[PDB]
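Asker: This one is an experimental structure. Sequence first:
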Amino acid sequence: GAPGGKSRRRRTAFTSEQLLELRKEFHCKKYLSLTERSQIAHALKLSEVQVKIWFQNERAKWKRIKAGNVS
């Protein structure tokens, strides 16, 4: 449904705490290591998979904000 993309397609159930650390980390490291994901997982009560899915979903959402990439 809504075959388009580049939209505000909902969020996962992450609270503002769980959003805080994630968004801070995003401005530091372009990639977390395996053990690093386990830090940002435990720190937020989340699973190592919940965090992997968020970081990947953010890389795209933020890249679309880079206006001057029209070529």
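Answerer: Everything's here; your move. Numbers count the residues shown, from 1 in each chain.

Asker: Relative to residue 10, how far out is the residue nearest in space to the middle of the chain?
Answerer: Taking Cα atoms, centre = their mean, the centroid of the chain lies closest to residue 55, which sits 2.9 Å from it. According to Cβ to Cβ, to the nearest Å, residue 55 and residue 10 sit 17 Å apart. C-betas here are computed from N, CA, C, even on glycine.

Asker: again with residue 29
Answerer: Distance from residue 29 to residue 10, by Cβ to Cβ: 26 Å.

Asker: Give me the more crowded residue out of those two.
Answerer: residue 29 (10 against 6; other Cβ atoms under 10 Å).

Asker: host element of residue 53?
Answerer: helix 48-63 (DSSP states H and E).

Asker: Output that helix as CSV, nothing but the C-alphas.
Answerer: Taking Å, rounded to 0.1, in the frame of the first residue of the first chain, the C-alpha atoms of helix 48-63 are listed here in CSV:
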residue,chain,number,x,y,z
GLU,A,48,20.7,-6.8,18.9
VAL,A,49,18.2,-7.2,16.0
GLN,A,50,15.9,-4.2,17.0
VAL,A,51,18.9,-1.9,16.9
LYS,A,52,20.3,-3.2,13.6
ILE,A,53,16.9,-2.5,11.9
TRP,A,54,16.8,1.0,13.4
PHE,A,55,20.3,2.1,12.3
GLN,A,56,19.7,0.8,8.7
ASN,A,57,16.3,2.6,8.5
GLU,A,58,18.0,5.8,9.7
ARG,A,59,20.8,5.8,7.2
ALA,A,60,18.3,6.0,4.4
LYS,A,61,15.9,8.5,6.1
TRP,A,62,18.9,10.8,6.8
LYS,A,63,20.5,10.4,3.3
